[PDB]
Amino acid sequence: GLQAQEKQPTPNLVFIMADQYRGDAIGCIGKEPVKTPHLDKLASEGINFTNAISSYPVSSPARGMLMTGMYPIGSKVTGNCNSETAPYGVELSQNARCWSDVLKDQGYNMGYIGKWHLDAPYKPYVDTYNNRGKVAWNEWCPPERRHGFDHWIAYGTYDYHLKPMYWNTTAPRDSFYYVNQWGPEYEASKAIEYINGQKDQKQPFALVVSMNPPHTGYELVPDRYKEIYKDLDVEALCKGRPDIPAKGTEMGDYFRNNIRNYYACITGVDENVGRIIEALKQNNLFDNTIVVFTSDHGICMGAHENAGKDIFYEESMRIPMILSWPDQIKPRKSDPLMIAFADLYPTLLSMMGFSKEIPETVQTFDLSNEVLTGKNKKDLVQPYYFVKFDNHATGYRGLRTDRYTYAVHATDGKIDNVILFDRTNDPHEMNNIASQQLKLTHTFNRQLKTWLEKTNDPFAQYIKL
């Protein structure tokens, strides 16, 4: 089998994501001194979407949108999967038609390695540290809930990166195993084995590699990656950042005390992404494979007095989004397309030649043409979400345009607050100008209402015209 054989009529897919990875934390973007040589290289061979976002910047909700192509109400994943939200059915539906189900039906070899976080835990909880106490977070994904991912080396959620746990394809619920290796390292090694096994190109394949770092347990990263930032000037990083509290404050110190390890995690993740790319090139599986590097959400880490994410601020919504496909896409410096994490379902499927297979239930944007050609879509506006899992009449709904971030809050069906930021004049979003721009607010109000009605979201009824 040394002779070159027929190229598959549809491309492979290697979907790589790292949890809690901020969009501006990429070296080639030139905004932060974080080292990501492998992602920079990947970007140079493809496209770097510098305005990409995640509409509901929370783990399960974001992943739920990605898999179903539906906004939160429809995906049913309105909050993180854990025992607190379980009674409300917060988990991916076994009946949901996900993009992985589609590719499996189209004859693709399927694999998933890493964090899934789309199953509701139930008693008795599996024996991992994050299941002890009042609230459990980790649960097994039985075969019938894997949506086509036949090769399985994954877990629900678990954050001790230095000794991660996984369930292989045939392991029963209580037979997960621990690995004495950094998560991204092990995951990249298993991804390489999977990729090596696809070298004969007898059929197409789709592989997801879902890494945990740079998600918390920021310090849980190998020392060699920390050494790279031992001389990092943290105070210099806060220069011109009014959104980062001053030194001496709770949140200002939180940012300063964790930024070094956050970058260490990213650089470590970067190196392992490099290993996967190298495996693809070694097996001649890079040119006709769509490789995507993205994240479910960013992180505030003290900025805006917020420690986590789950908020409309840029540091929370902005995510990396690098895509390569040498055979069909010429490299483009930077693309301003406001593609969202959840748009990947219809976008990738259409790019892959399966546009007719996208379910009528999919609500997100099919930006395949924009991605392939680079043709802009200036009218593209993405939504923002926060849904109280036990009371949908409470929460946030908003819109993000290329210039403004607008959001309204409601409590029991009544609008409670209005927020508007002009990111051009106020890039760090420090001035809520909603009360100063009544005309503009009214315009966004009808626009939001129309959006909520289009997506069959009951919240639409709270906006009184």
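For every residue, the number given is its place in the sequence shown, counted from 1.
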Open item on the list: Can you tell me whether 237-245 has a higher mean C-alpha B factor than 177-185 in this record, or the other way round?
Closed with: 237-245
- [ ] Determine, for stretches 431-439 and 414-422, which one has the higher mean CA B-factor as deposited.
- [x] 431-439
TODO: Just grab whichever of 252, 164, 72, 204 has the top CA B-factor as deposited.
DONE: 252
- [ ] Choose from 159, 105, 139, 379 the residue with the greatest Cα B-factor as stated in the PDB record.
- [x] 379
Task: Cα B factor band for residue 215 (lowest, middle or highest third within the chain) - done: middle
Open item on the list: How does the C-alpha B factor of residue 39 compare with the rest of the chain: lowest, middle or highest third?
Closed with: lowest
Task: Position of residue 131 among the chain's modelled residues by C-alpha B-factor, lowest, middle or highest third - done: middle
TODO: Looking at the entry's B-factor column for C-alpha atoms only, identify whether residue 355 ranks in the lowest, middle or highest third of its chain.
DONE: highest
Task: residue 362 - which third its CA temperature factor falls in, relative to the rest of the chain - done: middle
